[PDB]
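In what follows, a single structure is set out as structure tokens and then discussed.
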Amino acid sequence: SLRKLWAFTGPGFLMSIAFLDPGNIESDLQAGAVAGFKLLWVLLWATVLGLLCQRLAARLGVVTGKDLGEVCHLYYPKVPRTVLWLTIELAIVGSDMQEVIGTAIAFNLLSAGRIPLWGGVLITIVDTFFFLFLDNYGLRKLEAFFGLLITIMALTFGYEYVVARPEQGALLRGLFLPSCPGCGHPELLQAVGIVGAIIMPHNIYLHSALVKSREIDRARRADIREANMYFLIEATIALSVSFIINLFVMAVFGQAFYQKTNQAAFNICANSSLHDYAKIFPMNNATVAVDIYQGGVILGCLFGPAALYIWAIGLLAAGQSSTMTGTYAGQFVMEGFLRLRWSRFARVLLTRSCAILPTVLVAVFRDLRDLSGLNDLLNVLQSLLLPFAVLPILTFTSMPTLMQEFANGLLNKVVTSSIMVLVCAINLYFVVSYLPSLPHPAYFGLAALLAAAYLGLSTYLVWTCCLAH
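Residue 217 in the entry's author numbering sits at position 164 of the sequence shown; the count goes up by one each step and never skips.
Take a look at the structure:
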């Protein structure tokens with residue numbers, strides 16, 4: 054019925070908001086800038102795998118009555134839960150750095166260069182603890198508020214895409230054909246980055262926590278099956294919305310960015326009066342390395358400054374939404390792995406601090422290209438940390454002790470094993486690419502130790518899963 058779906062509605066907008074974090078925005082920015090339409094099939098495969106993973110998360114959370122954090126606390130011994138919890142902590146703080154840089158760039162774009170970066174970060178942390186102050190008369194649930202916000206930003210991106218008017222002929226091969234002849238290693242780097250960024254590792258915990266919101270009676274199996282199917286339908290709808298918005302941004306950015314040289318863009322939109330044109334043109338015909346600031350200024354110079362202001366508004370909305378979803382996710386990590394049970398205080402304090410330090414340092418002593426590189430490294434780190442969040446769920450839905458009936462079938466088991474070996478191989482190849490890239494020989498030992506710890510934790514989790522397999 055429509056009323057039952059309306060009652061079950063509310064989470065899907067939340068995971069979609071998490072999917073539309075500013076880190077995803079920068080990642081698809083760079084992907085469209087460099088490879089263009091050749092990586093859309095990567096986006097499709099990553100999105101469908103994320104949908105499968107969140108289906109598993111919703112299934113586990115609804116059926117067991119507790120989030121995945123509680124079950125890993127119940128199962129694993131002390132040291133593995135501690136290490137894994139620090140893993141989600143690192144992933145979530147990386148996401149926080151992503152969204153704070155996004156908000157800072159958006160505020161820079163609103164100010165038209167008048168307000169510097171430190172002003173942006175201070176005002177966004179002020180707004181964050183203003184949201185904390187909102188507890189004065191807090192009776193809110195955020196679902197309608199942030200559905201309105203996501204619809205707003207979706208309408209902005211859709212209007213930008215439609216006024217761009219792309220042609221779907223190339224989109225056919227981009228979406229359908231799973232290959233990329235003629236591209237190179239940076240294309241692989243951005244593909245891995247988009248794969249990691251589209252599937253936020255913390256979203257598994259986030260959904261496994263929000264499942265409790267609806268009243269589920271675990272005694273009756275038909276009711277929990279209906280709840281699971283409703284949650285799957287809602288997740289499918291949310292993922293479809295996320296993918297269509299990503300399709301819009303992919304098409305427009307690939308059409309407006311591919312084989313575009315710096316001096317050509319400068320000549321095209323030098324008749325206008327942005328006054329930000331200085332950075333774009335180093336008087337050479339080469340690929341235009343573009344961040345959110347440069348992307349917005351280029352869109353405004355090609356189509357009109359309205360494009361820029363609305364783009365920055367969408368970026369600010371995405372940053373606020375991602376900040377909120379990170380706060381909720383991290384609170385649930387606290388209650389799952391330590392049962393610390395705070396109310397939005399300690400998590401937000403630690404996250405905003407661990408974000409403000411590096412970004413304030415990079416704003417004081419580095420330029421915006423360093424910010425773009427830092428976000429690249431952040432979303433690469435998110436990709437590297439993804440298996441540490443996709444394997445525990447695989448294990449915990451593997452064994453039948455929690456789910457005698459609602460276990461994993463043979464087809465799901467083998468498919469999930471295939472994806473887990475695929476992602477582990479991807480991480481191995483990426484770290485192999487990273488090994489010869491160290492400028493200083495002193496980092497060899499640190500990189501080797503970090504890789505050894507990563508492989509050891511991965512092999513321990515694989516041993517646990519094969520025991521559960």
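Ideal Cβ positions, reconstructed from N, Cα and C, are used throughout, including at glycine.
- Task: Measuring alpha carbon to alpha carbon, tell me which of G118, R397 and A399 ends up nearest residue 53.
- Result: The structure shown does not extend to residue 53, since the chain spans only 54 to 522, so no value can be given for it.
- Express the C-alpha separation of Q151 and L175 in angstroms, rounding to a whole number. By 1-based counting over the sequence shown, the position of residue 175 is 122. By 1-based counting over the sequence shown, the position of residue 151 is 98. Straight across, the Cα-Cα distance linking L175 with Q151 is about 16 Å.
- Task: With distances taken Cα to Cα, identify the nearest neighbour of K194 among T156, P64 and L97.
- Result: On the sequence shown, position 141 is the one that residue 194 refers to. For the residues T156, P64 and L97, the minimum Cα distance to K194 belongs to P64.
- Query: Of the choices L520, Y513 and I351, whose alpha-carbon is the least far from that of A217?
  - Reply: Counting from one through the sequence shown, the residue named residue 217 turns up at place 164. Ranked by Cα distance from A217, the options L520, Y513 and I351 are led by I351.
- Query: Alpha carbon to alpha carbon, how far is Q312 from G237?
  - Reply: By one-based count along the sequence shown, residue 312 stands at place 259. By one-based count along the sequence shown, residue 237 stands at place 184. For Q312 and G237, the distance between alpha carbons rounds to 15 Å.
- Look at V433 and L242 and say whether their C-beta atoms are less than 9 Å apart. Against the sequence shown, residue 433 aligns to sequence position 380. Against the sequence shown, residue 242 aligns to sequence position 189. Yes, the Cβ-Cβ distance between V433 and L242 is below 9 Å.
- Distance, Cα to Cα, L424 vs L192? For the purposes of this step, residue 424 is taken as residue 371 along the sequence shown, with counting starting at 1. For the purposes of this step, residue 192 is taken as residue 139 along the sequence shown, with counting starting at 1. Whole-angstrom Cα-Cα distance: 38 Å.
- Beta-carbon contacts of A371 that lie in its chain and below 7 Å, excluding the five residues immediately before and after: Start at 1 with the first residue of the sequence shown, and residue 371 comes out as number 318. These residues qualify, in order along the chain: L73, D74, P75, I78, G155 and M206.
- From the DSSP output, in three-state form, read off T340 for me. Your numbering for residue 340 matches position 287 in the sequence shown. Correct three-state label for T340: strand.
- For the candidate residues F90, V413 and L105, whose alpha-carbon lies nearest to that of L230? Sequence index remark: in the sequence shown, residue 230 carries index 177 (1-based). Looking at the Cα atoms, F90 is the closest of the given residues.
- Contacts around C477, its chain only, beta-carbon distance under 7 Å, and the 5 residues preceding and following it disregarded: Here residue 477 is taken as the residue at index 424 of the sequence shown, counted from 1. So the list reads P440 and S511, once near-sequence residues are dropped.
- Terminal residues of the alpha helix (DSSP H) in which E196 lies: Mapped onto the sequence shown, residue 196 falls at position 143. From DSSP, the alpha helix (DSSP H) with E196 extends over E196 to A217.
- Query: Considering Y129, what are the terminal residues of the alpha helix (DSSP H) in which it resides?
  - Reply: Residue mapping note: residue 129 aligns to position 76 of the sequence shown, counting from 1. It is not in any alpha helix (DSSP H) - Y129 carries neither H nor E in the DSSP assignment.
- From which residue to which residue does the alpha helix (DSSP H) around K265 run? Locating residue 265 in the sequence shown gives position 212, counting from the first residue. Unbroken run through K265: none, as it is neither H nor E.
- Could you check if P453 is buried or exposed, using at least 16 other CB atoms within 10 Å of its CB as the buried criterion? Looking up residue 453 in the sequence shown gives position 400. Exposed, because fewer than 16 other Cβ atoms sit within 10 Å of the Cβ of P453.
- Item | Nearest to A291 (by Cα), restricted to the options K57, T62 and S54 | In the sequence shown, residue 291 corresponds to position 238, counting from 1. Nearest C-alpha to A291: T62.
- Decide yes or no for the touch test of the region 254–269 against the region 119–136: beta carbon pairs closer than 8 Å, at least 3 of them. The answer is yes - the region 119–136 touches the region 254–269, with three or more Cβ pairs under 8 Å.
- Residue range of the alpha helix (DSSP H) that includes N299: Working through the sequence shown from its first residue, we reach residue 299 at position 246. Residues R274 to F310.
- Roughly how many angstroms separate the alpha carbons of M387 and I321, rounded to a whole number? Reading the sequence shown from its first residue, position 334 is the one you call residue 387. Reading the sequence shown from its first residue, position 268 is the one you call residue 321. Looking at the two C-alpha atoms, the distance is approximately 52 Å.
- Item | Range of the contiguous alpha helix (DSSP H) that encloses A323 | Against the sequence shown, residue 323 aligns to sequence position 270. Taken as a continuous stretch (DSSP letters only), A323 belongs to no alpha helix (DSSP H), as it is neither H nor E.
- Query: So what's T517 in DSSP terms, helix, strand or just coil?
  - Reply: Position 464 of the sequence shown, counting from 1, holds the residue named residue 517. Helix at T517.
- Report the rounded CA-to-CA distance for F497 versus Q83, giving the unit in angstroms. On the sequence shown, position 444 is the one that residue 497 refers to. On the sequence shown, position 30 is the one that residue 83 refers to. Distance between the alpha carbons of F497 and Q83: 29 Å.
- Message: So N315 and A339 are supposed to be a Cβ contact under 8 Å. How far apart are they, rounded?
- Response: Taking the sequence shown and counting its residues from 1, the one referred to as residue 315 is at position 262. Taking the sequence shown and counting its residues from 1, the one referred to as residue 339 is at position 286. Contact holds; Cβ gap of about 7 Å.
- Query: Smallest Cα separation from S80: which of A501, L499, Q435 and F459?
  - Reply: By one-based count along the sequence shown, residue 80 stands at place 27. Ranking the options by Cα distance to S80, first place goes to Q435.
- Can the beta-carbon of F199 be found closer than 9 Å to that of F296? Sequence index remark: in the sequence shown, residue 199 carries index 146 (1-based). Sequence index remark: in the sequence shown, residue 296 carries index 243 (1-based). In this structure, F296 does not lie closer than 9 Å to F199 by Cβ.
- Message: Comparing C-alpha positions only, which one of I178, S293, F182 and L508 sits nearest to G103?
- Response: Here residue 103 refers to the residue found at position 50 of the sequence shown. For the residues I178, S293, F182 and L508, the minimum Cα distance to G103 belongs to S293.
- Message: For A382 and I145, which I take to be in contact (beta-carbon distance under 8 Å), what is that distance rounded to the nearest angstrom?
- Response: Counted from its first residue, the sequence shown places residue 382 at position 329. Counted from its first residue, the sequence shown places residue 145 at position 92. Right, their Cβ atoms sit about 6 Å apart.
- Task: Measure the Cβ-Cβ separation of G114 and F306 and say whether it is below 9 Å.
- Result: By 1-based counting over the sequence shown, the position of residue 114 is 61. By 1-based counting over the sequence shown, the position of residue 306 is 253. No, these two residues do not count as a Cβ contact at 9 Å.
- Message: Nearer than 8 Å: is that true of the beta carbon of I78 relative to any heavy atom of the ligand HEM?
- Response: The ligand HEM is not among the ligands present in this structure, which contains no ligands whatsoever.
- Task: Using a threshold of 9 Å, state whether the C-beta atoms of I446 and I257 are closer than that.
- Result: As a position in the sequence shown, residue 446 is number 393, starting the count at 1. As a position in the sequence shown, residue 257 is number 204, starting the count at 1. In this structure, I257 lies closer than 9 Å to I446 by Cβ.
- Counting pairs of Cβ atoms below 8 Å between the region 387–396 and the region 95–111, do you hit three or more? no
- Message: Less than 9 Å between the C-beta atoms of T376 and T181, yes or no?
- Response: Taking the first residue of the sequence shown as 1, we reach residue 376 at position 323. Taking the first residue of the sequence shown as 1, we reach residue 181 at position 128. Taking 9 Å as the Cβ cut-off, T376 and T181 qualify as a contacting pair.
- Unbroken alpha helix (DSSP H) run spanning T181, endpoints: The residue given as residue 181 occupies position 128 in the sequence shown. It spans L170 to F186 - the alpha helix (DSSP H) in which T181 sits, taken as one unbroken run.
- Report yes if the CB atom of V153 is closer than 9 Å to the CB atom of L455, and no otherwise. Counting from one through the sequence shown, the residue named residue 153 turns up at place 100. Counting from one through the sequence shown, the residue named residue 455 turns up at place 402. No, the pair does not count as a contact, with Cβ atoms beyond the cut-off.
- Item | Where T62 sits in the DSSP three-state scheme | As a position in the sequence shown, residue 62 is number 9, starting the count at 1. The answer is coil: DSSP assigns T62 none of H, G, I, E or B.
- Message: Going by beta-carbon coordinates alone, are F160 and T177 separated by less than 9 Å?
- Response: If you number the sequence shown from 1, residue 160 lands on position 107. If you number the sequence shown from 1, residue 177 lands on position 124. A Cβ-Cβ contact shorter than 9 Å links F160 with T177.
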